[PDB]
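# Commentary on secondary and tertiary structure
Read off the chains here:
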Amino acid sequence: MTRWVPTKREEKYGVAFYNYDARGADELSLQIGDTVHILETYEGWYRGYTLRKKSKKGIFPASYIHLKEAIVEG
């Protein structure tokens, strides 16, 4: 139908602070304190996967999304 944005000029991933509870494959359950890697975007509508759930993929509202400058273990 339409062409989505390939999310350019981005760092890598960010964090999602909300109480989202997806009830389908199209959506994705998001909780506060979890990190999400955005792969797609379209203004208030991005897609990706949580650092803990790489196998799973879904979309989430940017209303509560904040991109970070990557993290380091240790």
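Attention in this report is confined to the structure presented alongside it. (Residues numbered from 1 in each chain as written, not as in the entry; some residues may be left out. Heavy atoms only, no water.)

Okay, the overall build of the protein chain next. When you go through the protein chain residue by residue, the secondary structure sums to 0 helices and 7 strands. Shown N-terminal to C-terminal, the secondary structure of the protein chain runs as helices and strands in the order β-β-β-β-β-β-β. Principal-axis analysis of the C-alpha atoms places the extent of the protein chain at approximately 45 × 30 × 25 Å. Relative to its full complement of 74 residues, the protein chain shows a buried share of 28%. Sequence-distant contacts in the protein chain: of pairs separated by 6 or more residues, those separated by 24 or more amount to 46%. If you sum the accessible surface of the protein chain, you get close to 5900 Å²; carbon and sulfur atoms cover 48% of it. Separation between the mean location of the 12 positive side-chain charges and that of the 10 negative ones in the protein chain comes to 4 Å. (Helix = DSSP H or I, 4+ residues; strand = E, 2+ residues; numbered from the N terminus. Buried < 20%, exposed > 50% of the residue type's maximum accessible area, 1.4 Å probe, protein only. Contact = heavy atoms within 4.5 Å. Areas by Shrake-Rupley, 256 points an atom, 1.4 Å probe, with all protein chains shown as cover. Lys, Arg positive; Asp, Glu negative; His and termini not counted. Charge placed at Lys NZ, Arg CZ, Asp CG, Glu CD.)

What follows is about the pairing of strand β5 (residues 46-50). Successive residues of a regular strand alternate their side chains across the two faces of the sheet. Here strand β4 (residues 34-40) pairs with β5 via 4 bridges, running antiparallel. Following the sheet pairing, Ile38 is matched in β5 by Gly48. The turn joining β4 and β5, which pair antiparallel and follow one another in sequence, is formed by 5 residues; a positive phi near 65 degrees is taken by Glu43. Strand direction decides the pairing type here: β5 and strand β6 (residues 58-60), joined by 3 bridges, are antiparallel. The partner of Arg47 across the bridge, within β6, is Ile59. (Pairing = 2+ DSSP bridges.)

Our focus in this paragraph is the pairing of β4. Where strand β1 (residues 14-16) meets β4, 3 bridges bridge the pair, whose relative direction is antiparallel. Bridge assignment links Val15 to a residue of β4, and that residue is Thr35.

Let us now look at the environment of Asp34. Inspection of the secondary structure assignment puts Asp34 in strand β4. We classify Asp34 as partly exposed; its relative accessible area is 23%. It is 6.0 Å that separates the C-alpha atoms of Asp34 and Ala16, two residues lying 18 residues apart in sequence. Those residues in contact with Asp34 that sit more than four places away from it in its chain are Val15, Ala16 and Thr50.

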